[PDB]
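J.: Please find target_7.txt (compact mmCIF, C-alpha atoms and all ligand atoms) on the next line:
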# COMPACT_ATOMS: atom_id res chain seq x y z
CA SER A 2 3.16 -24.94 -18.41
CA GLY A 3 2.61 -24.63 -14.65
CA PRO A 4 3.96 -22.14 -12.08
CA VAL A 5 7.68 -21.25 -11.91
CA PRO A 6 9.23 -22.81 -8.71
CA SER A 7 10.57 -20.75 -5.79
CA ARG A 8 13.14 -21.36 -3.02
CA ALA A 9 13.63 -19.39 0.21
CA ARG A 10 16.45 -16.81 -0.11
CA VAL A 11 17.65 -17.72 3.45
CA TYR A 12 17.64 -20.84 5.70
CA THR A 13 16.77 -22.89 2.54
CA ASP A 14 18.17 -26.31 3.54
CA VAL A 15 18.25 -25.96 7.39
CA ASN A 16 15.72 -28.86 7.74
CA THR A 17 17.57 -31.19 5.26
CA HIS A 18 20.73 -30.91 7.43
CA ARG A 19 18.92 -31.77 10.69
CA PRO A 20 18.04 -35.34 11.97
CA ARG A 21 14.74 -36.67 10.44
CA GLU A 22 13.01 -36.59 13.95
CA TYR A 23 13.38 -32.75 13.98
CA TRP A 24 10.83 -32.12 11.14
CA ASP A 25 9.17 -35.62 10.86
CA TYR A 26 6.46 -34.59 13.43
CA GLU A 27 4.08 -37.45 12.39
CA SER A 28 6.55 -39.86 14.16
CA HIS A 29 6.68 -37.73 17.39
CA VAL A 30 5.75 -39.62 20.61
CA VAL A 31 3.83 -37.20 22.86
CA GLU A 32 5.09 -36.81 26.51
CA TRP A 33 1.81 -36.56 28.57
CA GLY A 34 1.65 -35.03 32.09
CA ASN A 35 -0.71 -34.96 35.10
CA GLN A 36 -3.96 -33.00 34.40
CA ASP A 37 -4.34 -32.69 38.24
CA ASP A 38 -1.04 -30.64 38.50
CA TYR A 39 -3.06 -27.59 37.28
CA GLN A 40 -6.26 -26.05 38.71
CA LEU A 41 -8.40 -23.84 36.47
CA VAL A 42 -9.10 -20.31 37.88
CA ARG A 43 -11.06 -18.61 35.00
CA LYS A 44 -11.76 -18.48 31.23
CA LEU A 45 -9.54 -16.14 29.14
CA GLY A 46 -11.24 -16.89 25.80
CA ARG A 47 -12.22 -19.41 23.10
CA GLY A 48 -10.19 -20.32 19.99
CA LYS A 49 -11.44 -22.27 16.92
CA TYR A 50 -9.80 -25.48 18.18
CA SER A 51 -9.38 -24.55 21.93
CA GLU A 52 -10.97 -23.24 25.22
CA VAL A 53 -8.43 -20.99 27.03
CA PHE A 54 -8.09 -20.71 30.82
CA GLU A 55 -5.91 -19.16 33.48
CA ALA A 56 -4.71 -21.94 35.73
CA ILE A 57 -2.39 -22.38 38.65
CA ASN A 58 0.28 -25.12 38.62
CA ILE A 59 -0.28 -26.43 42.21
CA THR A 60 3.23 -28.12 42.44
CA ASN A 61 5.04 -24.70 42.20
CA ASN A 62 2.06 -22.30 42.78
CA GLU A 63 2.59 -20.35 39.49
CA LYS A 64 0.18 -18.76 36.89
CA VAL A 65 -0.10 -20.69 33.58
CA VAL A 66 -2.41 -20.60 30.48
CA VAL A 67 -4.35 -23.86 29.73
CA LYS A 68 -5.55 -24.35 26.09
CA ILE A 69 -8.08 -27.26 26.28
CA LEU A 70 -8.18 -28.58 22.70
CA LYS A 71 -11.36 -29.24 20.72
CA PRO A 72 -11.05 -32.23 18.27
CA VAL A 73 -8.35 -31.53 15.63
CA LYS A 74 -6.13 -34.03 13.62
CA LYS A 75 -3.54 -35.78 15.81
CA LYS A 76 -0.76 -34.95 13.29
CA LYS A 77 -1.75 -31.22 13.53
CA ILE A 78 -1.37 -31.48 17.37
CA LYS A 79 1.97 -33.38 16.93
CA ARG A 80 3.05 -30.56 14.55
CA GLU A 81 2.30 -27.73 17.02
CA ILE A 82 3.88 -29.75 19.92
CA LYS A 83 7.04 -30.53 17.84
CA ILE A 84 7.43 -26.90 16.56
CA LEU A 85 6.93 -25.53 20.16
CA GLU A 86 9.57 -27.95 21.45
CA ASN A 87 12.11 -27.15 18.69
CA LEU A 88 11.64 -23.39 19.39
CA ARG A 89 11.68 -23.68 23.24
CA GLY A 90 14.02 -21.12 24.80
CA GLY A 91 14.04 -18.98 21.64
CA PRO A 92 13.88 -15.15 21.90
CA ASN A 93 10.23 -13.97 22.42
CA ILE A 94 8.76 -17.42 21.60
CA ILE A 95 6.02 -18.62 24.02
CA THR A 96 7.04 -21.55 26.25
CA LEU A 97 5.07 -24.82 26.17
CA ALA A 98 5.23 -25.77 29.91
CA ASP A 99 3.25 -29.08 29.61
CA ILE A 100 0.92 -31.38 27.58
CA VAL A 101 -1.90 -32.87 29.71
CA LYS A 102 -4.90 -35.15 29.17
CA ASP A 103 -8.08 -35.32 31.33
CA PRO A 104 -8.19 -38.92 32.82
CA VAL A 105 -11.98 -39.39 32.20
CA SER A 106 -12.64 -37.12 29.12
CA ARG A 107 -9.35 -38.25 27.34
CA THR A 108 -9.41 -34.66 25.83
CA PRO A 109 -5.91 -33.02 25.45
CA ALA A 110 -4.75 -29.62 26.73
CA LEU A 111 -1.57 -27.54 26.18
CA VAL A 112 -0.08 -25.61 29.15
CA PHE A 113 1.77 -22.38 28.34
CA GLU A 114 3.75 -19.61 29.95
CA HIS A 115 1.27 -16.96 31.13
CA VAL A 116 1.58 -13.42 29.68
CA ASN A 117 -0.49 -10.78 31.54
CA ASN A 118 -1.53 -9.10 28.27
CA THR A 119 -2.76 -5.51 27.82
CA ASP A 120 -5.44 -5.87 25.03
CA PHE A 121 -3.93 -4.74 21.63
CA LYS A 122 -6.92 -2.35 21.15
CA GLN A 123 -6.37 -0.31 24.40
CA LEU A 124 -2.53 -0.64 24.12
CA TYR A 125 -1.73 0.38 20.44
CA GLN A 126 -3.49 3.79 20.87
CA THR A 127 -1.17 4.63 23.86
CA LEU A 128 2.03 3.38 22.02
CA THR A 129 4.81 5.90 21.19
CA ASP A 130 7.04 5.79 18.04
CA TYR A 131 9.79 4.23 20.27
CA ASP A 132 7.32 1.60 21.61
CA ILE A 133 6.41 0.55 18.03
CA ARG A 134 10.13 0.37 17.07
CA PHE A 135 10.97 -1.59 20.28
CA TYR A 136 8.14 -4.16 19.94
CA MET A 137 8.73 -4.55 16.15
CA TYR A 138 12.38 -5.58 16.91
CA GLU A 139 11.08 -8.09 19.56
CA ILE A 140 8.75 -9.77 16.99
CA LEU A 141 11.73 -9.82 14.54
CA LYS A 142 13.89 -11.66 17.15
CA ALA A 143 11.12 -14.34 17.30
CA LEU A 144 10.83 -14.53 13.44
CA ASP A 145 14.59 -14.60 12.68
CA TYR A 146 14.89 -17.40 15.28
CA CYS A 147 11.98 -19.58 14.07
CA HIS A 148 12.98 -19.05 10.39
CA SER A 149 16.62 -20.00 11.20
CA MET A 150 15.12 -23.13 12.92
CA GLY A 151 13.30 -24.02 9.63
CA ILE A 152 9.81 -22.87 10.73
CA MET A 153 7.27 -20.39 9.22
CA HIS A 154 4.70 -19.07 11.77
CA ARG A 155 2.05 -18.55 8.91
CA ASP A 156 -0.31 -16.54 11.28
CA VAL A 157 1.55 -13.36 12.33
CA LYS A 158 -1.15 -10.87 13.48
CA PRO A 159 -1.83 -8.63 16.58
CA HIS A 160 -4.00 -11.40 18.26
CA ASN A 161 -0.92 -13.77 18.19
CA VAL A 162 1.41 -11.18 19.77
CA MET A 163 1.09 -11.15 23.60
CA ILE A 164 2.56 -8.03 25.31
CA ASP A 165 2.86 -7.35 29.05
CA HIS A 166 3.64 -3.62 28.61
CA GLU A 167 4.48 -3.07 32.35
CA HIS A 168 7.39 -5.57 32.06
CA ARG A 169 8.06 -4.78 28.30
CA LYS A 170 7.66 -8.53 27.62
CA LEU A 171 6.53 -9.71 24.14
CA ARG A 172 5.71 -13.34 23.16
CA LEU A 173 4.82 -14.65 19.68
CA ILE A 174 2.05 -17.24 20.44
CA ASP A 175 -0.31 -19.73 18.58
CA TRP A 176 2.03 -21.92 16.51
CA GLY A 177 -0.94 -24.17 15.49
CA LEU A 178 -0.75 -22.88 11.88
CA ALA A 179 3.10 -23.03 11.78
CA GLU A 180 4.82 -25.42 9.37
CA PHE A 181 8.36 -26.72 8.59
CA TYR A 182 9.99 -25.21 5.52
CA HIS A 183 11.13 -27.68 2.83
CA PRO A 184 12.51 -26.51 -0.57
CA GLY A 185 10.05 -27.37 -3.34
CA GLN A 186 7.11 -28.07 -1.02
CA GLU A 187 3.69 -26.80 -2.09
CA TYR A 188 1.82 -25.55 0.98
CA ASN A 189 -1.83 -24.89 1.84
CA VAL A 190 -2.83 -21.28 0.94
CA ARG A 191 -5.88 -21.34 3.25
CA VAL A 192 -3.69 -20.17 6.19
CA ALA A 193 -3.46 -16.84 8.16
CA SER A 194 -6.34 -14.43 8.69
CA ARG A 195 -7.76 -12.40 5.75
CA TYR A 196 -6.20 -8.97 6.47
CA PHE A 197 -2.67 -10.50 6.94
CA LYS A 198 -2.68 -12.94 3.97
CA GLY A 199 0.25 -12.40 1.60
CA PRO A 200 -0.35 -11.91 -2.17
CA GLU A 201 1.04 -15.47 -2.71
CA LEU A 202 -1.86 -16.89 -0.60
CA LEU A 203 -4.46 -14.65 -2.46
CA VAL A 204 -3.19 -15.62 -5.98
CA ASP A 205 -2.93 -19.31 -4.91
CA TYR A 206 0.91 -19.66 -5.21
CA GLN A 207 1.75 -22.71 -3.05
CA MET A 208 5.60 -22.74 -3.17
CA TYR A 209 5.89 -20.00 -0.50
CA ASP A 210 8.39 -19.63 2.42
CA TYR A 211 9.32 -17.65 5.63
CA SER A 212 8.85 -14.38 3.57
CA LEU A 213 5.08 -14.90 4.06
CA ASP A 214 5.60 -13.78 7.74
CA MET A 215 7.37 -10.63 6.55
CA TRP A 216 4.23 -9.55 4.61
CA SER A 217 2.13 -10.13 7.82
CA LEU A 218 4.64 -8.06 9.81
CA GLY A 219 4.23 -5.27 7.17
CA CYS A 220 0.41 -5.27 7.61
CA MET A 221 0.92 -5.02 11.42
CA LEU A 222 3.48 -2.17 11.04
CA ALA A 223 1.20 -0.19 8.65
CA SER A 224 -1.78 -0.58 11.08
CA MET A 225 0.31 0.73 14.05
CA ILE A 226 2.11 3.73 12.38
CA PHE A 227 -1.04 4.84 10.46
CA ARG A 228 -3.52 4.06 13.30
CA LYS A 229 -5.59 2.12 10.71
CA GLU A 230 -6.61 -1.37 11.91
CA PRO A 231 -6.83 -3.35 9.66
CA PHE A 232 -4.63 -1.63 7.07
CA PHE A 233 -5.91 -3.71 4.11
CA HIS A 234 -9.65 -4.15 4.91
CA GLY A 235 -10.95 -6.71 2.36
CA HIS A 236 -14.56 -8.06 2.30
CA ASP A 237 -13.34 -11.55 1.22
CA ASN A 238 -10.09 -13.14 -0.12
CA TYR A 239 -10.70 -11.68 -3.63
CA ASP A 240 -11.39 -8.07 -2.45
CA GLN A 241 -8.35 -8.44 -0.16
CA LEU A 242 -6.03 -8.51 -3.29
CA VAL A 243 -8.03 -5.54 -4.73
CA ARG A 244 -7.36 -3.58 -1.44
CA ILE A 245 -3.59 -4.33 -1.78
CA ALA A 246 -3.70 -3.45 -5.55
CA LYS A 247 -5.29 -0.03 -4.78
CA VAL A 248 -2.21 0.74 -2.58
CA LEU A 249 0.78 -1.14 -4.18
CA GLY A 250 -0.61 -0.79 -7.74
CA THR A 251 -1.56 -3.28 -10.49
CA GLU A 252 1.70 -3.05 -12.55
CA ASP A 253 3.86 -4.78 -9.88
CA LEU A 254 1.02 -7.30 -9.29
CA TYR A 255 0.84 -8.39 -12.97
CA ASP A 256 4.69 -8.42 -13.14
CA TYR A 257 4.67 -10.90 -10.19
CA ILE A 258 1.93 -13.04 -11.88
CA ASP A 259 4.08 -13.13 -15.07
CA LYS A 260 7.40 -13.87 -13.27
CA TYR A 261 6.06 -16.99 -11.47
CA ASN A 262 3.67 -17.99 -14.33
CA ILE A 263 0.70 -17.85 -11.90
CA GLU A 264 -2.73 -18.86 -13.28
CA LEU A 265 -4.94 -16.03 -12.04
CA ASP A 266 -8.51 -17.00 -10.97
CA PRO A 267 -11.19 -15.73 -13.50
CA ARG A 268 -12.89 -13.75 -10.62
CA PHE A 269 -9.87 -11.31 -10.49
CA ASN A 270 -10.08 -10.41 -14.22
CA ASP A 271 -13.01 -7.97 -13.70
CA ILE A 272 -12.23 -6.72 -10.12
CA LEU A 273 -8.45 -5.88 -9.96
CA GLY A 274 -8.78 -3.18 -12.63
CA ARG A 275 -5.91 -0.71 -13.11
CA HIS A 276 -4.32 1.17 -10.21
CA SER A 277 -1.26 3.34 -9.67
CA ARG A 278 1.19 2.60 -6.77
CA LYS A 279 0.20 5.14 -4.07
CA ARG A 280 2.71 7.17 -2.04
CA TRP A 281 2.62 6.31 1.73
CA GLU A 282 2.01 10.07 2.54
CA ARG A 283 -1.71 9.67 1.66
CA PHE A 284 -2.18 7.55 4.86
CA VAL A 285 -0.45 10.29 6.96
CA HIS A 286 -2.63 12.68 8.98
CA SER A 287 -2.43 14.88 12.15
CA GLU A 288 -3.36 12.10 14.65
CA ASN A 289 -0.80 9.53 13.25
CA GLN A 290 2.07 11.74 11.91
CA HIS A 291 4.07 11.55 15.23
CA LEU A 292 4.45 7.73 14.55
CA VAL A 293 5.38 8.15 10.83
CA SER A 294 8.94 9.12 9.77
CA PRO A 295 11.09 8.62 6.56
CA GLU A 296 12.77 5.55 8.26
CA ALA A 297 9.39 3.93 9.09
CA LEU A 298 8.15 4.46 5.46
CA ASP A 299 11.38 3.11 3.90
CA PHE A 300 11.12 -0.04 6.14
CA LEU A 301 7.38 -0.63 5.48
CA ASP A 302 7.91 -0.30 1.70
CA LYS A 303 10.67 -2.96 1.83
CA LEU A 304 8.31 -5.44 3.65
CA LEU A 305 5.17 -4.85 1.58
CA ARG A 306 6.15 -6.35 -1.82
CA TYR A 307 4.13 -8.74 -4.05
CA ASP A 308 7.22 -10.82 -4.91
CA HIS A 309 7.94 -12.73 -1.69
CA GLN A 310 11.63 -13.06 -2.81
CA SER A 311 12.05 -9.24 -2.88
CA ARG A 312 10.85 -8.67 0.75
CA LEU A 313 13.28 -7.99 3.63
CA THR A 314 14.29 -11.09 5.67
CA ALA A 315 13.81 -10.86 9.49
CA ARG A 316 17.65 -10.39 9.76
CA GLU A 317 17.77 -7.61 7.06
CA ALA A 318 14.77 -5.91 8.76
CA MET A 319 16.60 -5.92 12.19
CA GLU A 320 19.53 -4.14 10.43
CA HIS A 321 17.28 -1.30 8.97
CA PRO A 322 17.89 2.34 10.25
CA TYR A 323 14.33 2.33 11.78
CA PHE A 324 15.78 0.28 14.71
CA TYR A 325 19.19 2.14 15.13
CA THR A 326 18.04 3.73 18.46
CA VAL A 327 16.50 0.38 19.66
CA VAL A 328 19.77 -1.52 18.85
CA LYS A 329 21.85 1.25 20.56
CA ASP A 330 19.75 1.05 23.80
CA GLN A 331 20.16 -2.79 23.93
CA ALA A 332 23.95 -2.16 24.37
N1 LIG B 1 -0.14 -19.28 24.47
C1 LIG B 1 -0.49 -18.45 25.17
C2 LIG B 1 -0.88 -17.40 26.06
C3 LIG B 1 -0.09 -16.75 27.02
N2 LIG B 1 -0.74 -15.77 27.68
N3 LIG B 1 -2.02 -15.81 27.14
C4 LIG B 1 -3.10 -15.06 27.51
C5 LIG B 1 -4.30 -15.29 26.83
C6 LIG B 1 -4.35 -16.23 25.80
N4 LIG B 1 -3.29 -17.02 25.49
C7 LIG B 1 -2.14 -16.78 26.15
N5 LIG B 1 -5.54 -16.46 25.13
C8 LIG B 1 -6.83 -15.86 25.52
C9 LIG B 1 -7.66 -15.96 24.24
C10 LIG B 1 -7.13 -17.23 23.58
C11 LIG B 1 -5.62 -17.20 23.86
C12 LIG B 1 -4.80 -16.72 22.68
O1 LIG B 1 -4.84 -17.70 21.64
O2 LIG B 1 -7.53 -14.82 23.39
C13 LIG B 1 -8.13 -13.64 23.98
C14 LIG B 1 -7.19 -12.49 24.01
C15 LIG B 1 -6.49 -12.03 25.04
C16 LIG B 1 -7.02 -11.30 26.21
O3 LIG B 1 -5.98 -10.65 26.97
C17 LIG B 1 -5.36 -11.36 27.96
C18 LIG B 1 -4.47 -12.40 27.72
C19 LIG B 1 -3.83 -13.03 28.79
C20 LIG B 1 -4.05 -12.58 30.09
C21 LIG B 1 -4.92 -11.52 30.34
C22 LIG B 1 -5.56 -10.88 29.26
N6 LIG B 1 -6.45 -9.83 29.50
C23 LIG B 1 -6.54 -9.15 30.66
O4 LIG B 1 -7.36 -8.25 30.81
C24 LIG B 1 -5.56 -9.53 31.73
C25 LIG B 1 -5.17 -11.01 31.73
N7 LIG B 1 -2.96 -14.10 28.52
Rewrite the structure from the file as structure tokens, please.

T.:
Amino acid sequence: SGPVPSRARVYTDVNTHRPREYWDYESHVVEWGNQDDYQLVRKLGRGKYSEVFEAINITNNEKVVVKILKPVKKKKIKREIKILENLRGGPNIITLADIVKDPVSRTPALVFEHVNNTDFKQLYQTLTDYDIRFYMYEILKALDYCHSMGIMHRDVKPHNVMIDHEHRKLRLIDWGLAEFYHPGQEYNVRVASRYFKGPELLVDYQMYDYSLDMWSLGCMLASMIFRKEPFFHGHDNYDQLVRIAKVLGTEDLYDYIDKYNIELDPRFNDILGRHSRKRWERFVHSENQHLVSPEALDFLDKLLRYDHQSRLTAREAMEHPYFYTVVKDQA
């Protein structure tokens, strides 16, 4: 007997009810533009599959971000391009302004909306309880939207959240790991970064869904309210589950393994041990307590669950008392 199947609790068949061209990204014909419309000003960084620059679109003299792509599978590029196009205009989703190719090099580049970002290291330390609540709701707008559009981000982490604090403008970026949700589909578990990987990825449970992003949101929330980045600091993918098990406990972990008939890797047998579920109060101290409240702890507990099906959806999370003052101010 193999693993018990799983279906998303929400937006299950959204992609089945859409035209084939919506999710059939392999068939997408890419709309190239003029590489000479943009002039590179300076380097902003280097990704695994890209070189990032600040550019100026000369035709309308406006600041853009150019991601010059390193070789990666054409269908992976078609996937990111299709996802970005389906999500265009969505709340707090980065805008893909253009797709350009160097005439001589033949190397592709993606042009994005520029976000004058305040580095998450210097910013998070200055953030008030209201600021955390406000920006958490903004990420949730982006996740409810993309989930409702049949897409899982699969890489929610502080690096992929661009904030221009001065203009209170948040954008969920880097959709290169995103995928279309299809009921019954077994996905690649070697996605997301270590500290944000859901238990399903760590136990090698492939039939996952949008709820994976809700775990990553939980890890972000715990790091912000506890001033502990990263919250779950694993040495590898195996020790990462041990770090989670020391907090959430081993009983709920083995209950989850049993429920979905997961074949647990032999490595885990001698390292998971036996651990009680810890109360969130043990992470509370004098320099973080002004960010922690009963509403924050209730919310965080409802996101950080082993069983992906028992986690809050982005819509349920937006309806939690933690955001009552944020919701009130928006009206
Ligand atoms: N899509 C998109 C997108 C939109 N804005 N934006 C910015 C950078 C960026 N991508 C975007 N990068 C840079 C690099 C790779 C890529 C992220 O995969 O990661 C390094 C981390 C960010 C450094 O922080 C900045 C990010 C941006 C602009 C500035 C700073 N830092 C300043 O001191 C003022 C100017 N905008």

J.: Between atom CA of residue A:260 and atom CA of residue A:186, measure the distance and give it in Å to one decimal.

T.: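 Separation of atom CA of residue A:260 and atom CA of residue A:186: 18.8 Å.
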
J.: Record the distance separating atom CA of residue A:308 and atom CA of residue A:130, expressed in Å with one decimal.

T.: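 Separation between atom CA of residue A:308 and atom CA of residue A:130: 28.3 Å.
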
J.: When you look at stretch 91-101 of chain A with a cut-off of 6 Å (counting all atoms listed in the file), what residues show up, excluding the ones that are within fewer than 3 positions of it in the same chain? I need them as a list in words.

T.: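 Returned residues: residues 33, 34, 35, 36, 88, 109, 110, 111, 112, 113, 114, 142, 143, 171, 172, 173 and 174 of chain A.
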
J.: Which residues are near ligand LIG 1 (chain B) - at most 9 Å, using only C-alpha atoms and all ligand atoms? Format: as a PyMOL selection string.

T.: chain A and resi 44-48+51-55+65-68+95-97+111-121+160-165+172-176

J.: Based on the selection just made, write C-alpha atoms of those residues as a compact mmCIF listing (two decimals), keeping the file's coordinate frame.

T.:
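The resulting again_11.txt:
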# COMPACT_ATOMS: atom_id res chain seq x y z
CA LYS A 44 -11.76 -18.48 31.23
CA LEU A 45 -9.54 -16.14 29.14
CA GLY A 46 -11.24 -16.89 25.80
CA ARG A 47 -12.22 -19.41 23.10
CA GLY A 48 -10.19 -20.32 19.99
CA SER A 51 -9.38 -24.55 21.93
CA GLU A 52 -10.97 -23.24 25.22
CA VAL A 53 -8.43 -20.99 27.03
CA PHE A 54 -8.09 -20.71 30.82
CA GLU A 55 -5.91 -19.16 33.48
CA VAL A 65 -0.10 -20.69 33.58
CA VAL A 66 -2.41 -20.60 30.48
CA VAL A 67 -4.35 -23.86 29.73
CA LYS A 68 -5.55 -24.35 26.09
CA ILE A 95 6.02 -18.62 24.02
CA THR A 96 7.04 -21.55 26.25
CA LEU A 97 5.07 -24.82 26.17
CA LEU A 111 -1.57 -27.54 26.18
CA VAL A 112 -0.08 -25.61 29.15
CA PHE A 113 1.77 -22.38 28.34
CA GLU A 114 3.75 -19.61 29.95
CA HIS A 115 1.27 -16.96 31.13
CA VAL A 116 1.58 -13.42 29.68
CA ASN A 117 -0.49 -10.78 31.54
CA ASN A 118 -1.53 -9.10 28.27
CA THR A 119 -2.76 -5.51 27.82
CA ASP A 120 -5.44 -5.87 25.03
CA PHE A 121 -3.93 -4.74 21.63
CA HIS A 160 -4.00 -11.40 18.26
CA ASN A 161 -0.92 -13.77 18.19
CA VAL A 162 1.41 -11.18 19.77
CA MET A 163 1.09 -11.15 23.60
CA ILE A 164 2.56 -8.03 25.31
CA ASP A 165 2.86 -7.35 29.05
CA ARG A 172 5.71 -13.34 23.16
CA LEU A 173 4.82 -14.65 19.68
CA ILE A 174 2.05 -17.24 20.44
CA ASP A 175 -0.31 -19.73 18.58
CA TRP A 176 2.03 -21.92 16.51

J.: So the first atom is atom CA of residue A:328 and the second is atom CA of residue A:316; what is the distance between them in Å, to one decimal place?

T.: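 Between atom CA of residue A:328 and atom CA of residue A:316 the gap works out to 12.9 Å.
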
J.: Assuming 6 Å of padding per side, give the centre and edge lengths of the axis-aligned box around every listed atom of stretch 45-56 of chain A, in Å to one decimal and as AutoDock Vina command-line options.

T.:
--center_x -8.5 --center_y -20.8 --center_z 26.3 --size_x 19.5 --size_y 21.3 --size_z 30.8

J.: Find, counting all atoms listed in the file, the residue in A:6, A:145, A:266, A:135 that gets nearest to residue A:329.

T.: A:135

J.: Can you tell me, as a list in words, what residues are no more than 8 Å from residue A:50 when counting all atoms listed in the file, ignoring any on the same chain fewer than 3 positions away?

T.: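 Once the adjacent positions are removed, what remains is residues 70, 71, 72 and 73 of chain A.
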
J.: Using all atoms listed in the file, which of A:150, A:215, A:263, A:254 sits nearest residue A:16?

T.: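 Residue with the minimum atom-to-atom distance to residue A:16: A:150.
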